[PDB]
């Protein structure tokens, strides 16, 4: 029988937390719609039990997947120091680490390690926020505007179709913001009512106005859908074309703020370093958290921003069939190191594993027979590839070494 020419020796998964309740409930959010936003079963920004289940499903699937690839045993708890789970200090990331462990190795109680001080932010997930390093204001301002086509105005102008679709779902025309409009000489418009400005600081970048509101609102509609709520968007979202149109406003903000190299490289350095060191063969040592690397499987519970920063820094681009959000809840950036049996050469493969919006909505259990969506990624700047199109260890290491910003390493 034909035998595999490659052998999986290491897996590093950077995952976004699972489905959570919206992070905010502001006055603006209520003024752009005459309707009442549905309530959630958990606290704002917290993981919902359903979100935990969905993550557990992926954990269940990865276990079956890894067993078939021979990296994890089919029975029993993984051997000590074989599986490592790290998570940002947030409740939602911590719980995602627990949901994955429970799904990967039920009743095994794998430890979810986090930074010791959980009341302070973890630089691993954003070195800017803690001051490890800073953004070049002028340079970042120029790069974002450049990618925006010169101005945020031209940027939004090109997405008015998506913006009017959002207004339709919000019944924005009968909203307070619209009704108490002073300049009613003109038609109600989200981009007009809320001009979007680019704000760049040493430790942060943001978009004010309709761009960020739209990006948040559309994500909330997706969350309702994934959460299984009766009628996401008050029942005004009836087809896949509408889902994509709405979410495009979300992916668009991430394109500008999280994918832009001038922000991405810096923001992803700590993770880039952890990933490379975890994938590079070495004797069981550390990098932080009281966890030994290298190992066999490393699961990192983070955020969508991290997935986008890594994509931008590694020059990885993707679209997920059946999933309008490019960095969906539970979404996994999978890094694997395979060894070519023929000559013992090392190769790295990158994928994006995720549950389609329907698999979330229907809470469909995952397995080898019913796997989650998956897209094999190609490192744009990698020259030395193998038959399967994987990048060589050396090639990948070169890519990581040039993308990272040393001043931002931990």
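Residue numbers count along the first chain shown, from 1.
As listed in the deposited structure, the average C-alpha B-factor of 349-357 and of 369-377 is greater for 369-377. Here the stretch with the larger average CA B-factor, out of 328-336 and 206-214, is 206-214.
Highest C-alpha temperature factor among 288, 314, 246, 140 per the entry: 288. Out of 323, 82, 160, 225, the entry records its largest CA B-factor for 82. Annotation for residue 387: CA B-factor lies in the highest third of the chain's modelled residues. For residue 129, the recorded CA temperature factor ranks within the highest third of the chain's modelled residues. Residue 92: CA B factor lies in the lowest third for its chain, per the PDB record.
Per the PDB record, residue ranking by Cα B-factor puts residue 293 in the highest third of the chain.
In the PDB entry, a CA B factor belonging to the highest third of its chain's modelled residues is recorded for residue 241.
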